[PDB]
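J.: Got a structure here, written out as structure tokens. Questions coming.
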Amino acid sequence: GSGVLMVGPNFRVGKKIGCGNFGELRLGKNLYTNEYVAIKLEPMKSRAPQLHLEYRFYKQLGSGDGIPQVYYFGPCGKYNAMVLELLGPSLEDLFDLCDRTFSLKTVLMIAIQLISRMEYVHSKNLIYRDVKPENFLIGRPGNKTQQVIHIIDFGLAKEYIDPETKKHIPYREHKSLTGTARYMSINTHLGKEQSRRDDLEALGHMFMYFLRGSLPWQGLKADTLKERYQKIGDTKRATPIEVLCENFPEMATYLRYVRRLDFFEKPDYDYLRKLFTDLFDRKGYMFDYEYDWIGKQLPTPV
Ligand SMILES: CC(C)(C)c1ccc(Nc2nc3ccc(C#N)cc3[nH]2)cc1
């Protein structure tokens, strides 16, 4: 036939975009509306499927602020595909573009939005579990949500409230480590079941990462993943919050609060946001969405 890969009745699959994957994220086009989209692909032969249920997580999330719109899920050649709204570059891409350091203003504008974003996700009975700069993308120049920080990849998500019992998932240990070691919470390092508190702690680690330019456990290597994980964990525990957050009192207060939350406990999202909006106002900053990357030349697939 054609020679061209189609998804559903109107989505033309195009070049693969982004870094790493390996052909799992491709640019696409909606031939019917003449709009570009992002297409996530998973070989039907996959060992550990994640696509179809990530799709289900999106259905459960519904339409939300900062949540990419999902258009289709279906077979595509020897692939299973999920089609979503095309977005802009990730926070990691922007960080590199800004010489690997964000100003406090930029970081606070990011943190205020991400705390709300996480609260939205949690309000849908889901815990994220995959916090990292690569999973947060700004909108597209023009498509009016370019200043909005979006969250992607719910492949590692989990329902923390059992749909039938309506009870919080039970506490337990011995969970295998798979997530990204640089940002994960200390309790995650200990093999404990993750809950709402962990998503928040991970955000904190990321905030300090942006503010300092790096984290003090970032260069640890070992002979086995488990060994690398343990080392990073030991250093996180061995580094006092007052040292990690030197010169950023509010960041220390945030991190101390989340690190001390109980497993079943619902975080006080308003409290955490106010720590940052109070500081923001105190510094005299204006929440005008003028991040550090404003004015630069942004990487784009199209
Ligand atoms: C920096 C560069 C690699 C060119 C780049 C690559 C892709 C996008 N845009 C983009 N929109 C997306 C929507 C959903 C998902 C998922 N899951 C990934 C995306 N990536 C923006 C910039």
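Residue names in the structure tokens use chain letters A, B, ... in the order shown, residue numbers from 1 in each chain, and ligand numbers from 1 in the order shown.
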Write down as a PyMOL selection string the residues of range 36-210 of chain A whose backbone DSSP state falls under strand (DSSP E).

T.: chain A and resi 36-43+70-76+79-85+126-127+136-137+150-151+158-159

J.: Hey, which residues come within 10 Å of ligand 1 if we count only C-alpha atoms and all ligand atoms? Could you give them as a count of residues only?

T.: 52

J.: Nearest to residue 7 in chain A among A:49, A:202, A:77, A:34, with distances taken over only C-alpha atoms: which residue is it?

T.: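 Using only C-alpha atoms, the shortest distance to residue 7 in chain A belongs to A:77.
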
J.: Extract, using only C-alpha atoms, all DNA, RNA and protein residues at most 10 Å from residue 128 in chain A, discarding same-chain residues fewer than 2 positions from it, and format them as a list in words.

T.: residues 118, 121, 122, 126, 130, 131, 151, 152, 153, 154, 155, 156, 157, 158, 159, 160, 194, 195, 196, 198, 199 and 200 of chain A

J.: Check the smallest atom-to-atom distance from each of A:149, A:98, A:114, A:127 to residue 168 in chain A using only C-alpha atoms, then report the winner.

T.: A:127

J.: Within 7 Å of residue 213 in chain A, counting only C-alpha atoms, which residues qualify if same-chain residues fewer than 3 places away don't, as number ranges by chain?

T.: A: 100-101, 209-210

J.: Any chance you can output those residues with C-alpha atoms as an mmCIF file, in the first residue's frame?

T.:
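For reference, selection-v7.cif as written:
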data_model
loop_
_atom_site.group_PDB
_atom_site.id
_atom_site.type_symbol
_atom_site.label_atom_id
_atom_site.label_comp_id
_atom_site.auth_asym_id
_atom_site.auth_seq_id
_atom_site.Cartn_x
_atom_site.Cartn_y
_atom_site.Cartn_z
ATOM 1 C CA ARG A 100 21.403 25.351 34.157
ATOM 2 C CA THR A 101 20.122 27.754 36.801
ATOM 3 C CA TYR A 209 17.980 21.364 41.755
ATOM 4 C CA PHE A 210 16.864 24.322 39.614
#

J.: Tell me which of A:133, A:42, A:215, A:60 sits closest to residue 96 in chain A, counting only C-alpha atoms.

T.: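 Closest candidate: A:133.
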
J.: When you draw a straight line from CA of residue 3 in chain A to CA of residue 21 in chain A, how long is it in Å?

T.: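 Separation of CA of residue 3 in chain A and CA of residue 21 in chain A: 23.0 Å.
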
J.: Could you check the closest approach to residue 192 in chain A for each of A:269, A:171, A:120, A:280 and tell me which residue wins, using only C-alpha atoms?

T.: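 When distances to residue 192 in chain A are compared using only C-alpha atoms, the smallest one comes from A:171.
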
J.: As an exercise, work out the distance from CA of residue 55 in chain A to CA of residue 71 in chain A in Å and give it to one decimal place.

T.: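 Straight-line distance from CA of residue 55 in chain A to CA of residue 71 in chain A works out to 10.0 Å.
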
J.: List every residue of range 6-219 of chain A that DSSP, applied to the backbone of this structure, assigns to helix (DSSP H, G or I), and report them as a PyMOL selection string.

T.: chain A and resi 51-61+91-97+104-122+133-135+186-189+196-212

J.: Can you tell me which residues surround residue 103 in chain A at a distance of at most 12 Å, considering only C-alpha atoms, apart from same-chain residues fewer than 6 positions away, and format the answer as a ChimeraX atom specification?

T.: /A:95,109-110,207-213,248,280,285,290-293

J.: Which of these, A:258, A:13, A:286, A:203, has the shortest distance to residue 111 in chain A once you count only C-alpha atoms?

T.: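 Counting only C-alpha atoms, the residue closest to residue 111 in chain A is A:203.
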
J.: With distances taken over only C-alpha atoms, which residue among A:123, A:63, A:10, A:46 lies nearest residue 29 in chain A?

T.: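 For residue 29 in chain A, the nearest of the given residues is A:10.
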
J.: Any idea what's packed within 9 Å of residue 112 in chain A, counting only C-alpha atoms, ignoring anything in its chain fewer than 2 positions away? Could you give it as a PyMOL selection string?

T.: chain A and resi 107-110+114-117+272-274+276-277

J.: Would you work out the distance separating CA of residue 163 in chain A from CA of residue 64 in chain A, expressed in Å to one decimal?

T.: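 These two atoms are separated by 20.6 Å.
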